[PDB]
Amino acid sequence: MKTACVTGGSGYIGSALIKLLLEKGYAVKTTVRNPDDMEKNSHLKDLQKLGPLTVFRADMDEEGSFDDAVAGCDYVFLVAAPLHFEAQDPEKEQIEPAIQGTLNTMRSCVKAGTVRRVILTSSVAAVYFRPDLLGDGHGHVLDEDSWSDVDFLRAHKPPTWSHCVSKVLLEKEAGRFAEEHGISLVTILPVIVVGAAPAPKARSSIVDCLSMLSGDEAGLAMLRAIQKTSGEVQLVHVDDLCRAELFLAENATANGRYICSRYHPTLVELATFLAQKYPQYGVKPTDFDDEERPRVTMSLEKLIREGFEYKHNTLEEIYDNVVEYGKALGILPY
């Protein structure tokens, strides 16, 4: 019986991953920042009914605090990550702490002497920002060879530039470290993640993918910004991401970084689907009418090439249970 650690069990994806790991007969270790906070961590007790689940206190800013949680683990899923904000000095308040916090947990993995693979959860935010391809007026298909352009981002500092830089640098730094330390690191790069999860305080991409139904202004801005940039948005169901994470850990031939994405609608397609299946929210699809732009899209081929299979393949399946989740979280009024 193998043992896996999921960092940040309080979080959206982390909670879905812990559940999947238990269903597959893994013993699971997870970290939160206050194990005594049973409002935020009630799901961790329920999940104990599926298999062995142990909770630890750890913080990415606190050197060595992950030592106990990763010890004895065959696999470690680095899911926990700091929330973004507009900081007065993003280099010092975000980019550097994101690198250092990643290395911090990397050290606990080496020290554990038992970790066969580290799976790093990053983001297509580390893939898509390409000044050439985005602005040249042509369509493009990006794959795992594409990296977000740190120099252009440091040089021009568009809003939220530090989020892409942090993902790029922490991935590079963690790979450098894994090479120099003889430990196997594989990285997954999700798009917008949709679907229900055990976490009772989840927000994150649930807010964004539901914003057409809720009217959340920041969610809608995010969706429109992505569409303005790429000609569409990209979605993946949370349970396919979790299955993809497990797949990358269990297949010895897995190597490098992997985009994780499944369905790429325009906002008007997405709004028409939501308006039709969930009319009680009053979506007006014409609010998302738009000119057809060049598609700058993520390729899904690498995971497929290697044998992975997605379970939620239509738009309806990707949205199969997220609305109910939104209601139970209060993100939706009813």
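Numbering starts at 1 and runs along the sequence shown.
Colleague: On average, are the C-alpha B-factors higher in 132-140 or in 88-96?
Modeller: If you average the C-alpha B-factors of 132-140 and of 88-96, the larger mean comes out for 88-96.
Colleague: Of the two stretches 205-213 and 151-159, which shows the higher Cα B-factor on average in the entry?
Modeller: Per the PDB record, 151-159.
Colleague: Taking the Cα B-factors listed in the entry, which of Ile304, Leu270, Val296, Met38 comes out highest?
Modeller: Highest C-alpha B-factor among the listed options: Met38.
Colleague: According to the Cα B-factor stored in this entry, which of the following is highest: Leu241, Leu83, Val194, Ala126?
Modeller: In this record, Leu83 carries the highest C-alpha B-factor of the candidates.
Colleague: Against its chain's modelled residues, does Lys311's Cα B factor rank lowest, middle or highest third?
Modeller: Middle third - that is where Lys311 ends up once the chain's C-alpha B-factors are sorted.
Colleague: Thinking about Cα B factors across the chain, which third does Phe77 belong to?
Modeller: Middle third of the chain for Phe77's C-alpha B-factor.
Colleague: How does the C-alpha B factor of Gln227 compare with the rest of the chain: lowest, middle or highest third?
Modeller: Middle third, going by the recorded CA B-factors of the chain.
Colleague: Going by what the PDB entry lists, where does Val236 fall on CA B-factor within its chain: lowest, middle or highest third?
Modeller: Its C-alpha B-factor belongs to the lowest third of this chain's values.
Colleague: Split into thirds by Cα B-factor across the chain's modelled residues, where does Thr187 land: lowest, middle or highest?
Modeller: For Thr187, the deposited C-alpha B-factor lands in the middle third.
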